[PDB]
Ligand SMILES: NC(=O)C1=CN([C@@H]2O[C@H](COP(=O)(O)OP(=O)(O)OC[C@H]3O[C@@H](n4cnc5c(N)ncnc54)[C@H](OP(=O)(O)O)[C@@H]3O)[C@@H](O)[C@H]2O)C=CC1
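Presented below, as structure tokens, is a lone chain in the form solved without the ligand.
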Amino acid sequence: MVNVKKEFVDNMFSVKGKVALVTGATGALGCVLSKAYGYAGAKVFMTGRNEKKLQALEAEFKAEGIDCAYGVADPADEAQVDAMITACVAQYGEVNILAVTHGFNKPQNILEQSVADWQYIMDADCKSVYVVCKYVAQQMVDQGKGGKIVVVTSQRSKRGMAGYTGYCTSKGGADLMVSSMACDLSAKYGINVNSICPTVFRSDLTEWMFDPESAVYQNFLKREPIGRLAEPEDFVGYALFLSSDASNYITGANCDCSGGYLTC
């Protein structure tokens, strides 16, 4: 008999009954991923800094029968992250999936960007990934059931850009932090750690879309073999795949969500 089971294939993409902790939950990708986990049957614990926006999401999701909760925390603040994970464990008993979607950018040329401004991006966008991953991984180790970590980086983790010495250092570094975390955790504890590297969202560029003096929209479109800019919903499939049994062998990968921008 061929070495594949029907039970495996039918349920491999499931996240049903799993507890998914989503950071940057009020952001463009974070709110979409949080709802997608909910629609897929996971218990959703949303975190971010804006309580009013988290409350609005919790009300919308609960009206559709999604089991969800939220915790306010600055992801770069070690004490707040620890308390937030404790609140998730108190609510749901465990953490099975972590989706890291928070971040920050402020593009500026190196000559005009102070060391403090560069450090601000690194703390908000890079240190915060270490803090959240370290504390959630420790919780997954404590549980002894393995787990899944999905870090949203950027196609900027592999390609530089003018004005991006902060963001590219942060994302370039996070991709390697993910591969090193897989080396630290996957074999011993059954914790898969992967990143997704998306291109830009259409909605991020619509503001200057009608400006003939701007080349930004067309510079991206010339470099998108898929033929269009991304929507957050375009990455829910990859995120859920990397959060399910279907990706049990996959670890330390930096997954291409660029629509071909990285390979053309």
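When you see a residue number, it is the position in the sequence shown, counting from 1.
Below, we refer to the form solved in complex with the ligand, which is not included among the displayed structures.
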Clash verdict for the ligand in the deposited bound form, overlaid onto the shown chain (3 or more atoms within 2.4 angstroms of backbone or C-beta): open
Any non-hydrogen atom of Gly48 within 4.5 angstroms of the ligand in the deposited bound form: yes
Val152 within 4.5 Å of the ligand in the deposited bound form, heavy atoms: yes
Partner contact for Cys68 in the deposited bound form: the ligand, 4.5 angstroms, heavy atom: no
4.5 Å heavy atom contact, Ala124 and the ligand in the deposited bound form: yes
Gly24, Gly30 and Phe104 each touching the ligand in the deposited bound form (heavy atom, 4.5 Å): yes
Heavy atom contact within 4.5 Å of the ligand in the deposited bound form, the stretch among 167-175, 136-144, 181-189, 79-87: 167-175
In the deposited bound form, residues of 204-230 near the ligand [heavy atom within 4.5 Å]: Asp204
